[PDB]
Asker: 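Got a structure for you, questions after.
In what follows, every chain begins at residue 1, and chains take the letters A, B, ... in the order their sequences are listed. Excluded from the calculations below are hydrogen atoms, water molecules and symmetry mates; all remaining heavy atoms, backbone and side chain alike, are included. Counting starts at 1 for both ligands and their atoms, following the listed order.
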Amino acid sequence: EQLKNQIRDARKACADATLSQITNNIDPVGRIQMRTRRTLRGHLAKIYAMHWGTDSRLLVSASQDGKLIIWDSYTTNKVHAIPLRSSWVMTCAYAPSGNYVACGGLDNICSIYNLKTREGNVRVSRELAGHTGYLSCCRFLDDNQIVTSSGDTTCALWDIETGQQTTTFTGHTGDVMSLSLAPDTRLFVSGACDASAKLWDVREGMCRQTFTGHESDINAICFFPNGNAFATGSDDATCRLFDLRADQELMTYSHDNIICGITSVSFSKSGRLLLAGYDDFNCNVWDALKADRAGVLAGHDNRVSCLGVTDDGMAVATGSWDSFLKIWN
Amino acid sequence: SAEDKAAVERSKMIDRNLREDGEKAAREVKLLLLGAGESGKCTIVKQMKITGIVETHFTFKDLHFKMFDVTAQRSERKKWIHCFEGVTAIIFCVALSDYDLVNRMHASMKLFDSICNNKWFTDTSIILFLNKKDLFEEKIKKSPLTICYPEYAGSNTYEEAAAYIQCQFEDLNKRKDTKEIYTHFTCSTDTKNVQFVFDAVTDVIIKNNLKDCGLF
Amino acid sequence: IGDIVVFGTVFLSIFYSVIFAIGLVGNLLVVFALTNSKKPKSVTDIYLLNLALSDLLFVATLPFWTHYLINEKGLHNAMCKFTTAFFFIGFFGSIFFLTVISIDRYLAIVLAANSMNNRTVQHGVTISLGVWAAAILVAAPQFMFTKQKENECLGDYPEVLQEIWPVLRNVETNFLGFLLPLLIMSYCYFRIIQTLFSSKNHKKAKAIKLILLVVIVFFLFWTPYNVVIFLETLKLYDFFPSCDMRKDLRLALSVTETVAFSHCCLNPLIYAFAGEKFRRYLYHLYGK
Amino acid sequence: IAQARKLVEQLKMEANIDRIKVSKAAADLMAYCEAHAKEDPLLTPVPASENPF
Ligand SMILES: CC(C)CCC[C@@H](C)[C@H]1CC[C@H]2[C@@H]3CC=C4C[C@@H](O)CC[C@]4(C)[C@H]3CC[C@]12C
Ligand SMILES: CC(C)CCC[C@@H](C)[C@H]1CC[C@H]2[C@@H]3CC=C4C[C@@H](O)CC[C@]4(C)[C@H]3CC[C@]12C
Ligand SMILES: CC(C)CCC[C@@H](C)[C@H]1CC[C@H]2[C@@H]3CC=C4C[C@@H](O)CC[C@]4(C)[C@H]3CC[C@]12C
């Protein structure tokens, strides 16, 4: 294990000062109030994933009832109703251009639907087939390129026009559960069921860096707004922030009171406030810098499975298994 | 406000469509198929009318059933088995002639224990199917079964071996009040198997109706 | 045979006041329990909510009776029509919704596959509206020809109708109370008991036992009212030989009303000790 | 083992990438957070006049 010691020595050599010590000078944010501005109703099954829109008004959510509907957050109503061939959906994505929507699940195929591009109707555009495992996550790289993570330990990048895999990332060891897209649209990081979360390169298609530290399977991951860092949500009741430059867990977010795992992790517009959707019927709100609790979100009856933050930070949408979506702030 | 009114009425109509679709889905019966290495015993029926998950639809006694096989899912079970919460019953298939083959019976019992004691299917019942009975008839004669269980202490006949296997599988429940395990032996004809499935589904529906009230 | 009224008006008014308090508290607790969480409500839950609403109608119409008893002010014919309408529509809604609960349990237990296959079973809201409309329609003749005469509002029927209208009304209400609903509930619960014993679910069929106990309590506490209604029907049909009935009928009606209001107040008290989750909800509510 | 040999080359790329001090990365993250702090409706509450929720 000569290479194992070399990377460990480099991390120790680059370790100079922890984030907690540096954040002593800055003023803690303190406790802040979370209130449900509005609630989205109509789902009849557990909600597993949702994605915010670039327009900051339209959001799409996935539920186990076989419907992938799009919510209008401003006026609190639904705009589209997309039936799903397979009712087992565990992930969904919304195109940045807003003309496309994706959804994965246990069907091992990622479906693409036209969001009323023509004729004022919704129809299936492309069905990305070629994954031997359940689609744990999927994200639209571009209007034509989409990167998805499956249950077969491998992540693949798909092109809508060709319908095939432009590149495939097989460097993982455990079952991949979620992925996030960097703001520059050039890198993406995915967490797996093992203890290692590794960054991926879109153009290179190879594992540039690998991050360890978690004691259990990682369920959620999200890039920091700057794009040089990201946070991982595992089942060990610990949220760890990883920096693409330091190559170490510069900040850990674990509280003794909350021993439950983490299902969804999302960052605010500035990134100072980090929201993690726990499965104790609540969604704890943390601070990226102070590494302490900043708010309590206990407006859900069932375990929170998905959590999304608007691009401009206008509102935060939290989904849970109670088939209810609530918009915060 | 014509655009707002049009959006509101479209939202209401699609909401009512979603509600009626959800009601229609609730009118159906959802069943989960499980097994270490045994599958296809229930899917080989002629009543069926309709990739990691295979959905099979068959109507028996004017009741619609939906089966979901998970054999193609080779990933971690705990990461996706929660999506199957709410199914009426779970069909578990065990081969009676798996004790001699390799440890296979031990793996099947371990899988059954993991599924039953997973704190996610406590309310849902489990339907147990014991297949390969015809081959087991000669397997129990050829294989004394004493090697599989050092403390078996029973007759080397098909009936006693089947009873011991059923008792061992039932002993892994540890939750008798919340759920009830229905054990059946696969027959040559599929009519008996489908009748047992229908009876177990009806019993589960009756049990759910007993607790449907949110005030009693 | 001979009966003498020895019920103090002040004590009876205090009894109605405490019945009002108990019934209001119980109905509020029941309605809150059936609308506490955001999860979808079962059809039996909305049926119990409708029953609680009928009990609320009873506790809202008894203040008029108290006003007659002690206040003796504002006793107009319109207000008598109002209170009689509320009381009878509440009684008819209660009996009809109990029958609907019995039928729903019969479908859920005996014809479970058929009940699940049918789509109208889940549509309990339209069933509730239909039941309320039927109860209102069947109670409409019960109060639309009443007026006040000598500090007691009853009768005042047209001369042509008075020959047959009161006896027809009495026999119709007695029938719609304890003839068709009684047989329907008895058959439904008999089938449910047979199915539970055959399928060996009796050890966990606590809800069925609770509903059966509630139905039995309702029937036992509403039996005297229908018995005296039948006696009145026989008296109008000159089939009753005894003459003291014409004097004791007022006391019989009063005591039947008292026992009916007692049943109304204790209807949701049964859900407390017999309902484990209702008792658990009360502990959670008392904490706030 | 073919898999073991392939994994050796994968670890070489991860070990050979440039790594900077964790303090500098933390300082950069904090600076970015303060830079966009005034533009974060979650961190800084927004009046209901400009709030569309
Ligand atoms: C003299 C009469 C006509 C006036 C008063 C009638 C009142 C007590 C009755 C008539 C119809 C009833 C409604 C009919 C159906 C529903 C839907 C159900 O899910 C909840 C109760 C609700 C909302 C009922 C509440 C009480 C109700 C409004
Ligand atoms: C004569 C006595 C025993 C009758 C008591 C029960 C009555 C009130 C109940 C039993 C079943 C009920 C019906 C069941 C089904 C529906 C379909 C629905 O879409 C409208 C209402 C309607 C038509 C209900 C109206 C009232 C109803 C007929
Ligand atoms: C229309 C006619 C034919 C209906 C006849 C009603 C009879 C058969 C039904 C109505 C309610 C039923 C009872 C309800 C409760 C129980 C308690 C249970 O532990 C034993 C049976 C027993 C005692 C049932 C026996 C039969 C029963 C009395």
Side-chain angles (χ1 to χ4, degrees), chain B residues 20 23 214, chain C residues 27 30-31 34-35 40 42-61 78-107 109-110 115 118 120-144 146 172-174 176-198 201-206 208-220 226:
Chain B
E20 65 183 1
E23 293 179 353
Chain C
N27 285 127
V30 160
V31 175
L34 294 166
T35 59
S42 72
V43 191
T44 313
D45 277 14
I46 77 173
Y47 289 159
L48 293 194
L49 188 153
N50 286 302
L51 193 57
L53 288 193
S54 295
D55 289 345
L56 272 180
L57 259 65
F58 282 165
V59 309
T61 191
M79 183 278 288
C80 182
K81 186 180 289 293
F82 209 62
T83 182
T84 318
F86 271 97
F87 170 78
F88 266 60
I89 71 168
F91 160 68
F92 271 111
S94 179
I95 181 57
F96 284 179
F97 272 116
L98 277 186
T99 307
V100 170
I101 296 177
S102 306
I103 301 174
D104 186 6
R105 297 290 68 182
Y106 164 81
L107 269 61
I109 294 308
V110 180
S115 75
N118 299 346
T120 181
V121 170
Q122 318 192 255
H123 303 134
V125 180
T126 180
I127 296 182
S128 166
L129 282 72
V131 167
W132 273 114
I136 289 173
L137 191 148
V138 74
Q142 283 294 321
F143 64 90
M144 65 182 179
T146 188
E172 189 271 327
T173 186
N174 189 359
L176 269 297
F178 292 168
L179 265 74
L180 267 72
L182 188 61
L183 294 174
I184 284 156
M185 293 180 183
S186 302
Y187 162 80
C188 291
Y189 288 128
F190 173 55
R191 300 291 293 100
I192 295 164
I193 290 304
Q194 281 189 317
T195 299
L196 290 172
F197 277 139
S198 308
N201 317 118
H202 54 85
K203 68 206 91 183
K204 65 178 72 66
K206 181 69 176 177
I208 282 296
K209 292 181 181 179
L210 180 140
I211 303 298
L212 183 63
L213 169 60
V214 169
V215 166
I216 289 300
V217 162
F218 167 88
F219 271 126
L220 271 295
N226 276 276

Asker: Step by step, work out the ring pair (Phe, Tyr, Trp, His ring centres under 6.0 Å) result for C:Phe87 and C:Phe143.
Answerer: CA-CA 10 Å; C:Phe87 170 78; C:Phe143 64 90; over 10 Å; no

Asker: Would a 4.5 Å heavy-atom cut-off, applied to side chains only, mark C:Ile103 and C:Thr99 as touching?
Answerer: yes

Asker: Considering only heavy atoms, which protein residues lie less than 4.0 Å from any atom of ligand 1?
Answerer: C:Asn50, C:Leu53, C:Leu57, C:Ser128, C:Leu129, C:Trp132, C:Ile136

Asker: List every atom of ligand 2 that sits less than 4.0 Å from any heavy atom of C:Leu180, numbering the atoms from 1 in the order shown and giving each element.
Answerer: 1 (C), 3 (C)

Asker: Report, in ascending order of atom number, the atoms of ligand 2 lying under 4.0 Å from any heavy atom of C:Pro181.
Answerer: 3 (C)

Asker: Using a strict cut-off of 4.0 Å, indicate which atoms of ligand 2 neighbour a heavy atom of C:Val100.
Answerer: 9 (C), 10 (C)

Asker: Out of all atoms in ligand 3, which are within 4.0 Å of some heavy atom of C:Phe190? Include the element for each.
Answerer: 8 (C), 9 (C), 26 (C)

Asker: In the structure I gave you, are the side-chain heavy atoms of C:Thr195 and C:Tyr106 within less than 4.5 Å of one another anywhere?
Answerer: no

Asker: Step by step, work out the side chain to side chain contact (heavy atoms under 4.5 Å, CB included) result for C:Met185 and C:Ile95.
Answerer: CA-CA 10 Å; C:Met185 293 180 183; C:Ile95 181 57; 3.6 Å; yes

Asker: Please confirm whether the ring centroid of C:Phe96 lies under 6.0 Å from the ring centroid of C:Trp132.
Answerer: no

Asker: What are the atoms of ligand 3, with element, lying closer than 4.0 Å to any heavy atom of C:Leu183?
Answerer: 1 (C)

Asker: For the ring pair C:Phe91 and C:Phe58, is the centre-to-centre distance below 6.0 Å?
Answerer: no

Asker: Between C:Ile184 and ligand 2, find which residue part has any heavy-atom pair under 4.0 Å and reply side chain, backbone, both or neither.
Answerer: side chain

Asker: Under a 4.0 angstrom heavy-atom cut-off, which atoms of ligand 2 come close to C:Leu176?
Answerer: 1 (C)

Asker: May I have all residue pairs that pass salt bridge (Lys or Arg N to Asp or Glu O under 4.0 Å) and include part of residues 89-106 of chain C, sequence neighbours excluded?
Answerer: B:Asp212-C:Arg105

Asker: Should C:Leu48 and C:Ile101 count as side-chain neighbours, where that means a heavy-atom distance under 4.5 Å?
Answerer: yes

Asker: Applying side chain to side chain contact (heavy atoms under 4.5 Å, CB included) to C:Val214 and C:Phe218, what does each step give before you reach the verdict?
Answerer: CA-CA 6 Å; C:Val214 169; C:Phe218 167 88; 5.5 Å; no

